[PDB]
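Structure record follows, encoded as structure tokens.
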Amino acid sequence: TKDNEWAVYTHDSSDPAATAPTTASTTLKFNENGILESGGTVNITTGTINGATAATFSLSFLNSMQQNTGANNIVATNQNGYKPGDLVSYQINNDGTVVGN
Amino acid sequence: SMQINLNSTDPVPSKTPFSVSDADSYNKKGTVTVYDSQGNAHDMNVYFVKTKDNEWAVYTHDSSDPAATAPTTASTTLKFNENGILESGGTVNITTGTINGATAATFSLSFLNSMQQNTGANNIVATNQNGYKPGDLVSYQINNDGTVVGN
């Protein structure tokens, strides 16, 4: 929108519930050095499927930056959770931990 | 830094206006790229105007932003001795101009060891931009002194 202010829109394209994201879900503020000063995190819905609840989660933009160079990009993101799993293998670390892969 | 070598016999009497375009009002148009607080590049246009023997007027101008209005005032002046050695006007704190909230840093532009000599064409023979833009880790390297460095 301007120097050091970016509007953020969010949208769950995995479900119909995610209507046109025409509202500023949030906004990010940066200082003169391009350091994210505000808009750190937002609790954002996941949308829903087969009765599964629309969790919602804290999306953090911590340490995001606005700098002269580069192209708008994503340099690491994390999904704090899992899908279903099947016991592929067994492994023992030299610290005595027994783990499942 | 900006090492300048000027021809002792190159005057500007043809014109007096500037506006980074009146060629006749100056002898040398040099540009030093500098970085503001976000690394945004700026165009330090520098004009050398021979006013007389051993005195050159210096005009400065950031063409990377609108803020850099017509540089019609003598940002500084350089004084040389009879041997063409820069005696004064060594350095000036010059603004970088501004972009996207990035502050207009300002920096010490030195003309140390610049000379006014009979021969050559007005020129620039080494300049330095004390700063950086953004960087991405391309490679790893180890020197035989045990230093580990990032390229």
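Please note that chains go A, B, ... in the order of the structure tokens, that every chain numbers its residues from 1, and that ligands are numbered from 1 in the order shown.
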Contact table chain B vs chain A, cut-off 8 Å, shortest pair per residue, only C-alpha atoms, as a tab-separated table:
residue	atom	partner	partner_atom	distance
B:37	CA	A:33	CA	5.4
B:38	CA	A:33	CA	5.2
B:39	CA	A:68	CA	5.4
B:40	CA	A:68	CA	5.1
B:100	CA	A:3	CA	4.3
B:101	CA	A:32	CA	5.2
B:102	CA	A:32	CA	4.7
B:103	CA	A:32	CA	6.4
B:133	CA	A:69	CA	7.0
B:134	CA	A:69	CA	5.9
Inset, instruction - Name the residues of range 77-137 of chain B that fall into strand (DSSP E) according to DSSP on the backbone, using the chain letters and numbers of this document, as a ChimeraX atom specification. - result: /B:77-80,86-88,91-94,107-110,115-117,123-127
Legend entry - Residue contacts of residue 149 in chain B (10 Å, only C-alpha atoms) excluding same-chain residues fewer than 6 positions away, as a list in words: residues 139, 140, 141, 142 and 143 of chain B
Could the residues in this selection be saved with C-alpha atoms as a compact mmCIF listing (two decimals), in the first residue's frame?
# COMPACT_ATOMS: atom_id res chain seq x y z
CA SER B 139 29.10 -20.39 -1.22
CA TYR B 140 31.44 -21.53 1.50
CA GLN B 141 35.17 -21.15 1.56
CA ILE B 142 38.05 -21.81 3.87
CA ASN B 143 41.33 -19.99 3.71
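CA of residue 58 in chain A to CA of residue 39 in chain A spans 11.7 Å [interatomic distance, one decimal].
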Inset, instruction - Figure out the distance between CA of residue 84 in chain A and CA of residue 43 in chain A, please, to one decimal in Å. - result: 24.1 Å
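With CA of residue 81 in chain A on one side and CA of residue 40 in chain A on the other, the separation reads 20.3 Å.
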Inset, instruction - Tell me which protein, DNA and RNA residues are within 7 Å of residue 25 in chain A, counting only C-alpha atoms, leaving out same-chain ones fewer than 4 positions away, and put them as a ChimeraX atom specification. - result: /A:8-10
Write the residues you've just listed into a file as a short mmCIF file (atom, residue, chain, number, x, y, z; two decimals), in the first residue's frame, and include C-alpha atoms for each of them.
data_model
loop_
_atom_site.label_atom_id
_atom_site.label_comp_id
_atom_site.auth_asym_id
_atom_site.auth_seq_id
_atom_site.Cartn_x
_atom_site.Cartn_y
_atom_site.Cartn_z
CA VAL A 8 -2.58 -8.91 3.80
CA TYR A 9 -5.43 -10.91 2.41
CA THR A 10 -6.05 -14.54 3.20
#
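Nearest residue to residue 64 in chain A, choosing from A:29, A:88, A:16, A:46 and counting only C-alpha atoms: A:29.
Near residue 76 in chain A, within 12 Å and counting only C-alpha atoms, sit residues 60, 61, 62, 63, 64, 73 and 79 of chain A, not including residues fewer than 3 positions from it in the same chain.
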Can I get the selection written as an mmCIF file, in the first residue's frame, with N, CA, C and O atoms?
data_model
loop_
_atom_site.group_PDB
_atom_site.id
_atom_site.type_symbol
_atom_site.label_atom_id
_atom_site.label_comp_id
_atom_site.auth_asym_id
_atom_site.auth_seq_id
_atom_site.Cartn_x
_atom_site.Cartn_y
_atom_site.Cartn_z
ATOM 1 N N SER A 60 2.494 -16.486 11.891
ATOM 2 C CA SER A 60 3.481 -15.476 12.216
ATOM 3 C C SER A 60 4.360 -15.087 11.053
ATOM 4 O O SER A 60 4.835 -15.936 10.297
ATOM 5 N N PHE A 61 4.614 -13.794 10.955
ATOM 6 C CA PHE A 61 5.489 -13.244 9.950
ATOM 7 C C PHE A 61 6.772 -12.763 10.572
ATOM 8 O O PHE A 61 7.458 -11.920 9.989
ATOM 9 N N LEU A 62 7.086 -13.287 11.751
ATOM 10 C CA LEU A 62 8.256 -12.865 12.490
ATOM 11 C C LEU A 62 9.519 -12.845 11.649
ATOM 12 O O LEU A 62 9.839 -13.803 10.947
ATOM 13 N N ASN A 63 10.230 -11.728 11.754
ATOM 14 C CA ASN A 63 11.478 -11.437 11.057
ATOM 15 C C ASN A 63 11.335 -11.215 9.560
ATOM 16 O O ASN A 63 12.340 -11.190 8.849
ATOM 17 N N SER A 64 10.116 -11.014 9.077
ATOM 18 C CA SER A 64 9.937 -10.693 7.674
ATOM 19 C C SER A 64 10.545 -9.332 7.397
ATOM 20 O O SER A 64 10.607 -8.479 8.288
ATOM 21 N N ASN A 73 9.256 -13.002 -1.944
ATOM 22 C CA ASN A 73 9.428 -14.427 -1.811
ATOM 23 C C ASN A 73 9.129 -14.975 -0.436
ATOM 24 O O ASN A 73 8.895 -14.243 0.527
ATOM 25 N N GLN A 79 4.266 -25.590 8.978
ATOM 26 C CA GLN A 79 2.936 -26.082 9.271
ATOM 27 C C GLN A 79 2.956 -26.888 10.546
ATOM 28 O O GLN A 79 3.299 -28.070 10.529
#
Legend entry - Shell of 10 Å around residue 58 in chain B, only C-alpha atoms, local chain residues under 6 positions omitted, as a PyMOL selection string: chain B and resi 26+28+46-50+71-78+89
Would you write out those residues with N, CA, C and O atoms, as a JSON list (two decimals), in the first residue's frame?
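Generated file (selection34.json):
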[["chain", "number", "residue", "atom", "x", "y", "z"],
["B", 26, "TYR", "N", 29.66, 22.93, -16.96],
["B", 26, "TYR", "CA", 30.53, 22.07, -16.19],
["B", 26, "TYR", "C", 31.51, 21.31, -17.04],
["B", 26, "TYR", "O", 31.42, 21.29, -18.27],
["B", 28, "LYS", "N", 32.91, 18.12, -15.72],
["B", 28, "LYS", "CA", 32.77, 16.69, -15.49],
["B", 28, "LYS", "C", 31.50, 16.31, -14.77],
["B", 28, "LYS", "O", 31.14, 16.91, -13.76],
["B", 46, "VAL", "N", 27.71, 14.26, -9.53],
["B", 46, "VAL", "CA", 28.67, 15.23, -9.07],
["B", 46, "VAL", "C", 29.18, 16.03, -10.24],
["B", 46, "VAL", "O", 29.59, 15.48, -11.26],
["B", 47, "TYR", "N", 29.14, 17.35, -10.11],
["B", 47, "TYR", "CA", 29.57, 18.18, -11.20],
["B", 47, "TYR", "C", 30.78, 18.96, -10.84],
["B", 47, "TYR", "O", 30.82, 19.62, -9.80],
["B", 48, "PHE", "N", 31.76, 18.92, -11.72],
["B", 48, "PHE", "CA", 32.97, 19.67, -11.50],
["B", 48, "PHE", "C", 32.98, 20.83, -12.45],
["B", 48, "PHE", "O", 32.88, 20.66, -13.66],
["B", 49, "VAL", "N", 33.08, 22.02, -11.87],
["B", 49, "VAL", "CA", 33.05, 23.26, -12.59],
["B", 49, "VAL", "C", 34.31, 24.08, -12.41],
["B", 49, "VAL", "O", 34.52, 24.68, -11.36],
["B", 50, "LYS", "N", 35.16, 24.16, -13.43],
["B", 50, "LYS", "CA", 36.36, 24.97, -13.23],
["B", 50, "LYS", "C", 36.02, 26.43, -13.20],
["B", 50, "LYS", "O", 35.61, 27.01, -14.20],
["B", 71, "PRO", "N", 20.45, 21.42, -9.00],
["B", 71, "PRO", "CA", 21.67, 21.61, -8.23],
["B", 71, "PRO", "C", 22.36, 22.86, -8.69],
["B", 71, "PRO", "O", 23.41, 22.81, -9.32],
["B", 72, "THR", "N", 21.77, 24.00, -8.38],
["B", 72, "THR", "CA", 22.29, 25.28, -8.80],
["B", 72, "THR", "C", 23.17, 25.94, -7.75],
["B", 72, "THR", "O", 23.63, 27.06, -7.97],
["B", 73, "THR", "N", 23.42, 25.27, -6.64],
["B", 73, "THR", "CA", 24.29, 25.87, -5.64],
["B", 73, "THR", "C", 25.56, 25.06, -5.43],
["B", 73, "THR", "O", 25.56, 23.83, -5.51],
["B", 74, "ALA", "N", 26.63, 25.76, -5.15],
["B", 74, "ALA", "CA", 27.94, 25.17, -4.97],
["B", 74, "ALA", "C", 27.98, 24.33, -3.72],
["B", 74, "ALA", "O", 28.28, 24.85, -2.65],
["B", 75, "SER", "N", 27.65, 23.04, -3.86],
["B", 75, "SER", "CA", 27.68, 22.13, -2.72],
["B", 75, "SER", "C", 29.00, 22.30, -1.97],
["B", 75, "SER", "O", 29.03, 22.37, -0.74],
["B", 76, "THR", "N", 30.10, 22.38, -2.72],
["B", 76, "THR", "CA", 31.39, 22.71, -2.14],
["B", 76, "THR", "C", 32.32, 23.30, -3.19],
["B", 76, "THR", "O", 31.91, 23.63, -4.30],
["B", 77, "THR", "N", 33.59, 23.42, -2.81],
["B", 77, "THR", "CA", 34.64, 23.91, -3.69],
["B", 77, "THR", "C", 35.95, 23.23, -3.36],
["B", 77, "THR", "O", 36.24, 22.95, -2.20],
["B", 78, "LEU", "N", 36.74, 22.98, -4.39],
["B", 78, "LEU", "CA", 38.01, 22.33, -4.20],
["B", 78, "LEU", "C", 39.12, 23.29, -4.45],
["B", 78, "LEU", "O", 39.07, 24.06, -5.40],
["B", 89, "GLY", "N", 38.83, 21.36, 0.59],
["B", 89, "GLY", "CA", 37.53, 20.86, 0.14],
["B", 89, "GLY", "C", 37.50, 19.33, 0.18],
["B", 89, "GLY", "O", 36.73, 18.70, -0.54]]
